[PDB]
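Enquirer: Got a structure for you, written out below as structure tokens; questions coming shortly.
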């Protein structure tokens, strides 16, 4: 569904969209080249998913490696203050989003 | 001596062959020379025709399947049986 892909990608650039489509088509073609019938070629949603996940780093987008680097042991609720701070951050987030 | 990679439409060769060699005999393994647009080609008979035959007669209503010879640089584009498709995947 084109609508799902359009909704998912945000702050992308046209060049990046073309790169995504090329990546998906290349992945499908290489899968069939691996084969076990070159006439039943098709592109599957799984190819889009994998290509988006493991490639295409939008310049104005969100990275995950930096997160994985900064936070390294998750969060353990050892007392009230952690809950207090987490619950208070959402107020600022909402204020900046709505007003 | 005059090999080239220039693209030549195959349908033109098919029509010229049918028109020029109408009512002619061809046997498997036979060789002949075909004149097309003031150029000479060495044609080798490979298969003749669902009954299978080794020697037969050329008629206007027949079909012709041109296949470029081994290592031939001739780019036989068009609607003929140039064998431009590598069935399955070579996967070197």
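Only the coordinates and a few stated rules stand behind these numbers; no lab work does. No Cβ is skipped: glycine too gets one built from the backbone with ideal geometry, and neighbour counts run over all protein chains shown.
Enquirer: In region A:31-56, whose amide N lies under 17 Å from the spot 7 Å out along Cα-to-Cβ of residue B:91? List them in ranges.
Expert: A:31-42
Enquirer: Follow-up question, since we're still on this one. Per the helix-only calculation at 222 nm, which mean residue ellipticity applies to chain B, given -39500 (n - 2.57) for every DSSP H run of n ≥ 4 and division by its residues, nearest 500 deg cm²/dmol? Let's see the in-between values first.
Expert: Working: 1 runs with 11 residues, N = 92.
After summing the helix terms and dividing by the residues of chain B, the value is -3500 deg cm²/dmol.
Enquirer: Just check chain A against the gyration tensor rule for me: Cα atoms, a ≥ b ≥ c as the square roots of the eigenvalues, rounded for a/c under 1.5, and otherwise prolate or oblate depending on whether a/b exceeds b/c. Show your work: numbers first, answer last.
Expert: On the way: a/c = 3.20, a/b = 2.15, b/c = 1.49.
Cα axes put chain A in the prolate bin.
Enquirer: Work out the FRET efficiency for residue B:34 and residue B:59 from their Cβ-Cβ distance, taking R0 = 22 Å, and round it to the nearest 0.05. Could you put the intermediate results ahead of the total?
Expert: On the way: r = 17 Å, r/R0 = 0.78.
After rounding to 0.05, the efficiency reads 0.80.
Enquirer: Roughly what would the spin-label model give for residue A:59 and residue B:9, points 7 Å off Cα along C-beta, in nm?
Expert: 4.7
Enquirer: Something else now. Using all Cα-Cα distances in chain B, what percent lands in each 10 angstrom bin from 0 up to the longest?
Expert: The distribution over chain B is 14, 46, 31, 8, 1, given as percents.
Enquirer: Expressed as a whole number of Å, what is the distance separating the alpha-carbon centroids of region A:76-96 and region A:29-46?
Expert: Comparing the Cα centres of region A:29-46 and region A:76-96, I get a distance of 48 Å.
Enquirer: Can you give the FRET efficiency to the nearest 0.05 for residue A:70 and residue A:99, using r as the Cβ-Cβ distance and R₀ = 30 Å? Can you show the working numbers first?
Expert: Details: r = 29 Å, r/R0 = 0.97.
E(calc), rounded to 0.05, equals 0.55.
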